[PDB]
Amino acid sequence: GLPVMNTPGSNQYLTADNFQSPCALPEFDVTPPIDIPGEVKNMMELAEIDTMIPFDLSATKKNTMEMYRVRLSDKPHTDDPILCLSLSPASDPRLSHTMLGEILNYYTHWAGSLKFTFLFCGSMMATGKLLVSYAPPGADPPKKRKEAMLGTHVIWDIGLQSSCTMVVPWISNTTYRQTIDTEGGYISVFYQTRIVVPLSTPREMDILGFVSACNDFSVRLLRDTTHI
Amino acid sequence: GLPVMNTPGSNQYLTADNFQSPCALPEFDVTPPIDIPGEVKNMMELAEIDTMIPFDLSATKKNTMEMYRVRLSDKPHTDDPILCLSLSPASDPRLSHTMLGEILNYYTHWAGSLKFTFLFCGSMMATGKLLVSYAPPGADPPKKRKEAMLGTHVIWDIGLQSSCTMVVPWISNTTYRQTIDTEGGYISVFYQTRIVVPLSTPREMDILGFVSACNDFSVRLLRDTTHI
Amino acid sequence: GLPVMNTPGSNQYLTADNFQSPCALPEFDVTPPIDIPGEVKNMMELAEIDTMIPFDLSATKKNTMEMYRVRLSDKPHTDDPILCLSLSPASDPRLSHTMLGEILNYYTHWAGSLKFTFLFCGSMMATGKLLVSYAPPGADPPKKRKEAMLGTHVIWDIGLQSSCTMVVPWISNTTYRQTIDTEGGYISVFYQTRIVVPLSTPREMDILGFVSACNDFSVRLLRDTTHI
Amino acid sequence: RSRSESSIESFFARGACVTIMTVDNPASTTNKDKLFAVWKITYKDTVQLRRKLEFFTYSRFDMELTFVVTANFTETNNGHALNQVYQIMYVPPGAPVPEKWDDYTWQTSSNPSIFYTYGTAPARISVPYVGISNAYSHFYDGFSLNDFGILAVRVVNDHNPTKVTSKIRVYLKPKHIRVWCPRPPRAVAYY
């Protein structure tokens, strides 16, 4: 009847396509779905959940709660960072294992703003001030508190607020960061002042760190790799 | 379902065709493009750019700046042309290597108006008059200044304007000139008067020549040949 | 997608069909055509052109101007026709070679009205009367002038009008005449009176004959045969 | 006169075989590596296309790829076989490329794939512009060339005891092109 011409591309299965397929149970009525609470509509809405960053990946400390706290102490008051942290959400083992990172693993380009958090979880009576600094990419992580105070940085008073939060900003020439290897910036924490305390209270506080995506974050070009 | 008949031509790949093909990344969002300045929309908009004509293709002078100037001198005042030039944009090595020519190379018929230019680039104090003549096709290039003055020709005073421009007109019976071999016309330059000068200023001026297409120019039936 | 069924007839090349075929130069712009004068729109508009009828196909007289004139003479005044002529535009060698016939050759049925002409081309002073008679088909060509005068017939006076024209009419039971073998009618010319002349003027006049189709003529079912 | 035949498209838009991927049926006998063939889509081999592109500095273009496959038995022997089927994998930029014949990559969900059964309408897909930047570049004046993915082909019928070599011409044809900053063209010679 109607004259037609099959062009090239006919009879090839193309995984990456979708066309109305004939259904194998056309009579069968499907069970209606219910309003189960907690429907996810977009992967980003998981990247948006602040999760813990394994700061210590020392064979010993890893694979146990210990890989998540930072032993804020009161030992010789050195001048290096308390914990430096490169913001290559994918190019860094520390950040790689996070949830954010887990979703990033399934994509090649992603580009947004990471927001971090540092919940202090030491004595209620303990008190001090730590300097948290954002070394922007291209540069070098600061090694002295001084250098870091010159840069951007919060001066977070332990005693006043148990948690310093802070959204690092989005940047990239190539307006989509590549997950693979090589920049991204850093985040360090400096003892600004020692963590002074009243009575026998231990001189061993700890700090937890979070990370997540902000609304501006997004990913593109999916790429699963998981195999065996 | 709908009865159909596959006519001849089905299942043949025809390089020269275009049909909506199934896309391999239907989910993938493409990077939006920016307003990069200098977008070209049509090849002609390159043919429209006056470029330099290698007047001398002598093995020696060629493949170096020297293949582009004309040694206007003050030696025995001969009566031949200073530089004759056949306007076969493709059938002539001199004009072949130009940009115009480069685009012409990718087509069989083209048909418009070439506009030439002769920028004199000798002393500011130097002065003279050269006769530039358009011998139309079919005829023979003029060999004496006299014959050329009878034809069409500008009398371009060096001293008054450093550059004689002049659009040669479009002609052809076969209202599309064929790039291959055999007419097209000529363009000669005659010393009209010697190039007189004041003091030790050298008696060696030079002249540059340009060529390009005018709005009426166009090409048709593409034909790439480049191989190895 | 859309469910379809290829019916019989698919993938067969059928010379006698026409379907939009993919074009091999979709970018290529065609040269616009001009108003060349003398565009033909229908083959009939050639059959409509009176051409000459080779009355004599005698090996000798043929293949030279001689195959077209009739030696009207002034020899023994016999009583047969001057030139009988069967109107089988195709079934008769004489009429076959004409232009009309040439187009008829490319068809099986045709059916219209032939119009003939007899341009006398003898002395300006010569004079006489010839009887031209249309023997309709089925009958027999007339052999005496008398019989022919009983039939339809013009009495054409040489002296008054140098040319007798006359449209023979269309007929056929089978309302489309078949070109092959067997009727069609005849056309004869009788000396009605001798062709009397003044002085030494020669007693050898001549007459030319034309034939062509009228508006009612048409052909159907094409059939080329030309081979080797 | 009209300009149409020389617009950017009419110029660039033209099917041009850019390569011939060749593979061999997994003849368990002695087939070494011809098992699969893989090619990183790059213009840089077809002088023709290459040249037309270098006429500019920047450009964007949805590339469409057709596939023409051609087989034949290597041994004049009573070569029998059932219509084979080729797998055509497109590997988008920055994705792992198969190594083994049976490397997990063929299975990996990311990669759009094609199963073309021999002797049928030529296969075809069309990746859209995939530059990470805003246009593919043709020249660069900086330090650490762009990608357009990888094609990968492998026969799928396995224990065939008759070697069946097969070429696969790829006919890439730029579509929806747009260019920037024309540059003088390189002499035919250097390539």
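Below you will find a few notes about this structure. (Residues numbered from 1 in each chain as written, not as in the entry; some residues may be left out. Chains lettered and ligands numbered in written order. Part of a larger assembly, values for the part shown. Heavy atoms only, no water.)

### With respect to the overall build of chain D
- When helices and strands are counted, chain D shows two helices and nine strands.
- Overall, chain D shows an N-to-C arrangement of helices and strands of α-β-β-α-β-β-β-β-β-β-β.
- When the 191 residues of chain D are sorted by exposure, 53% land in the buried category.
- Accessible surface, chain D as shown: approximately 8,200 Å² in total, 55% of it carbon and sulfur.
- Put simply, chain D has 22 plus and 15 minus side-chain charges, and the middle of one group is 9 Å from the middle of the other. (Helix = DSSP H or I, 4+ residues; strand = E, 2+ residues; numbered from the N terminus. Buried < 20%, exposed > 50% of the residue type's maximum accessible area, 1.4 Å probe, protein only. Areas by Shrake-Rupley, 256 points an atom, 1.4 Å probe, with all protein chains shown as cover. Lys, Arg positive; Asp, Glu negative; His and termini not counted. Charge placed at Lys NZ, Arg CZ, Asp CG, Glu CD.)

### Topic: the overall build of chain A
- Along its length, chain A carries four helices and 12 strands.
- For chain A, whose C-alpha radius of gyration is 24 Å, the value lies well above the compact-globule estimate of 17 Å for 228 residues.
- Over its C-alpha atoms, taken along the principal directions, chain A stretches across nearly 95 × 45 × 35 Å.
- Burial status across chain A gives 39% buried among its 228 residues.
- Looking at charge distribution, chain A has the averaged site of its 18 positive side-chain charges lying 12 Å from that of its 24 negative ones. (Rg over C-alpha atoms; globule rule 2.2 N^0.38 Å.)

### Focus on the interface of chain B and chain D
- With 49 residues of chain B in contact, the opposing surface of chain D contributes 49 residues.
- Summed over both sides, the interface of chain B with chain D buries roughly 4,200 Å², with 60% coming from carbon and sulfur.
- When the buried area of chain B at its contact with chain D is split by residue, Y13(B), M43(B) and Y106(B) rank highest and sum to 15% of it.
- Summed over the shared surface of chain B and chain D, the number is four salt bridges.
- The salt bridge involving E39(B) is made with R178(D); its shortest N-O contact spans 2.6 Å.
- At the boundary of chain B with chain D, the tally comes to 25 residue pairs in polar contact.
- Put simply, the parts of the chain that give the side of chain B that touches chain D at least two residues each are β2 (39–40), α1 (44–47), α3 (99–105) and β12 (219–222) of chain B.
- The element contributing the most residues to the side of chain B that touches chain D is β12(B), with four residues.
- In terms of strand pairing, β2(B) meets strand β9 (residues 164–182) of chain D through two bridges, oriented antiparallel. Bridge pairing in β9(D) links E39(B) to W180(D). (Contact = heavy atoms within 4.5 Å. Buried area = accessible area lost by both parts, 1.4 Å probe. Salt bridge = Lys/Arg side-chain N within 4 Å of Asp/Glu carboxyl O. Polar contact = N/O pair within 3.5 Å; in protein donor to acceptor, adjacent residues only side chain to side chain. Pairing = 2+ DSSP bridges.)

### Here we look at the relation of the copies chain A and chain B
- Expressed as a screw transformation, the operator carrying chain A onto chain B has a rotation angle of 72 degrees and an axial translation of 0.0 Å, and the superposed copies differ by an RMSD of 0.0 Å. On this basis, the relationship between the two copies can be described by a five-fold rotation axis. In terms of C-alpha distance to the rotation axis, chain A has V4(A) as its closest residue, with the C-alpha 5.5 Å off the axis. (Least-squares fit on C-alpha atoms.)

### As for the interface of chain A and chain B
- Taken together, the contact between chain A and chain B spans 14 residues of the former and 21 residues of the latter.
- Between chain A and chain B, a total of about 1,500 Å² is buried, with carbon and sulfur atoms accounting for 60% of that surface.
- Here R220(A) makes a salt bridge to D29(B), at a shortest N to O gap of 3.7 Å.
- At the junction of chain A and chain B, the tally comes to nine residue pairs in polar contact.
- Of all the secondary structure elements, the ones that give two or more residues to the side of chain A that touches chain B are β1 (2–4), β2 (12–14) and β12 (219–222) of chain A.
- In terms of residues, the side of chain A that touches chain B owes the most to one element, β1(A), which gives three residues.
- For the side of chain A that touches chain B, the per-class residue count stands at nine nonpolar, four polar and one charged. (Nonpolar A, V, L, I, M, F, W, Y, C, P; charged D, E, K, R; others polar.)

### Some points on the environment of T108(B)
Residues and elements named next belong to chain B.
- As for its placement among the helices and strands, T108 is situated in strand β4 (residues 107–110).
- A residue is classified by how much of its surface remains accessible, and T108, at 13% relative accessible area, is buried.
- Beyond its immediate chain neighbours, meaning those up to four positions away, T108 contacts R177, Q178, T179, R220, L221 and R223.
- At a separation of 3.1 Å, a polar atom in the side chain of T108 contacts the main-chain carbonyl oxygen of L221.

### Observations regarding the side chain of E64(D)
- Following the sequence through the fold, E64(D) ends up in strand β3 (residues 56–73).
- By relative accessible area, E64(D) is classed as buried at 2%.
- There is a polar contact of 2.5 Å between the side chain of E64(D) and the side chain of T66(D).
- In contact with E64(D), not counting residues within four places along its chain, are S21(B), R124(D), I125(D), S126(D), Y171(D), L172(D), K173(D) and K175(D).

### Remarks on a nonpolar patch on the surface
- Together, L2(A), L2(B), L2(C) and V4(C) give the surface a local cluster of nonpolar side chains, amounting to about 360 Å² of exposed area.
- Relative to the helices and strands, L2(A) is located in strand β1. (Patch = residues over 30% accessible without salt bridge, like charges linked within 9 Å, V, L, I, M, F, W, Y side chains within 5 Å.)

### Remarks on the sheet that holds strand β7 (residues 152–157) of chain B
All names here are of chain B.
- Strand order across the open sheet formed by three strands is β7-β6-β10, with antiparallel pairing between neighbours. For this open sheet the edge positions go to β7 and β10 (188–191), each flanked by a neighbour on one side alone. Pairs of neighbouring strands in the sheet enclose a mean axial angle of 25 degrees, with direction left out of account.
- By the bridge criterion, four bridges tie strand β6 (residues 129–134) to β10 in an arrangement that is antiparallel. Across the sheet, residue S133 finds its bridge partner in β10, namely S188. (Axes fitted to C-alpha atoms, helices over the stretch in contact; angles between N-to-C directions.)

### Focus: the packing of aromatic side chains
- Following the criterion strictly, the structure yields 22 aromatic pairs over all chains and no others.
- Note on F55(A) and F118(A): the rings are 5.7 Å apart at their centroids and 5 degrees apart in plane angle, and the pair reads as stacked. Highlighted residues: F55(A) in the loop between β3 (51–52) and α2 (93–96) and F118(A) in strand β5 (residues 114–120), separated in sequence by 63 residues. As far as burial versus exposure is concerned, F55(A) and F118(A) are alike and both buried.
- Site record: aromatic cluster; members linked through ring pairs are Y106(B), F11(D), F12(D), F55(D) and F56(D).
- Sitting over the ring of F11(D), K52(D) keeps its end group 3.6 Å from the ring centre.
- The side chain of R154(D) reaches across the aromatic face of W101(D), ending 5.3 Å from its centre. (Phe/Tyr/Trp six-rings, centres within 6.5 Å; stacked < 30°, edge-to-face > 60°. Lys NZ or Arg CZ within 6 Å of the ring centre and 35° of its normal.)

### Here's the deal with the pairing of strand β5 (residues 114–120) of chain B
Residues and elements named next belong to chain B.
- Of all seven residues making up β5, five are buried, and the element is well covered by its neighbours.
- With seven bridges joining them, β5 and strand β11 (residues 207–213) adopt antiparallel strand pairing. In the strand pairing of β11, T117 is matched with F210.

### Observations regarding the environment of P137(C)
Residues and elements named next belong to chain C.
- Mapping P137 onto the fold places it in the loop between β5 (129–134) and α4 (145–150).
- Residue class for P137 comes out partly exposed when judged on its relative accessible area of 31%.
- Placed 51 residues apart in sequence, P137 and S86 show a C-alpha to C-alpha distance of 9.3 Å.
- Every residue in contact with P137, bar those within four places of it in the chain, is listed here: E183, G184 and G185.

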